[PDB]
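Results of the structural survey
Residues per chain are reported as follows:
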Amino acid sequence: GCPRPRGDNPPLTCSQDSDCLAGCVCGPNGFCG
């Protein structure tokens with residue numbers, strides 16, 4: 001998964017898998033996971 005995320009921060013948007021860091025994926029709500 002992404003490097004140590006926290007719920008003190010909002011999710012970031014995406015539209016493709018390449019919009020995120022390695023380890024992260026792009027989901028159906030248009031937010032990275």
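Now for a description of the structure that goes with this document.

Parameters and conventions
Residues numbered from 1 in each chain as written, not as in the entry; some residues may be left out. Heavy atoms only, no water. Helix = DSSP H or I, 4+ residues; strand = E, 2+ residues; numbered from the N terminus. Buried < 20%, exposed > 50% of the residue type's maximum accessible area, 1.4 Å probe, protein only. Areas by Shrake-Rupley, 256 points an atom, 1.4 Å probe, with all protein chains shown as cover. Disulfide = S-S within 2.5 Å.

1. Some thoughts on the overall build of the protein
When you go through the protein residue by residue, the secondary structure sums to zero helices and zero strands. Summarising its shape, the C-alpha atoms of the protein cover approximately 25 × 20 × 10 Å along the three principal directions. Out of the 33 residues in the protein, the part that is buried amounts to 12%. As presented, the protein carries roughly 2,800 Å² of accessible surface, and 52% of it is formed by carbon and sulfur atoms.

2. Describing the state of the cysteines
Tallied over the entire structure, the rule returns three disulfides. The residue that forms a disulfide with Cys2 is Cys24, at a sulfur-sulfur distance of 2.0 Å. When its relative accessible area of 24% is taken as the criterion, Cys2 is described as partly exposed. A relative accessible area of 8% places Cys24 in the buried class. Here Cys14 is linked by a disulfide to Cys26, with a sulfur-sulfur distance of 2.0 Å. Looking along the S-S bond of the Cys14-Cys26 disulfide, the torsion reads about 90°, which is the right-handed sense. By relative accessible area, which is 11% here, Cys14 ends up buried. Among the residues examined, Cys26 registers a relative accessible area of 24% and is labelled partly exposed. Counting its disulfide-bonded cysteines in sequence order, the protein shows a connectivity of 1-4, 2-5, 3-6.

No statement about biological role is implied by the geometric values presented.
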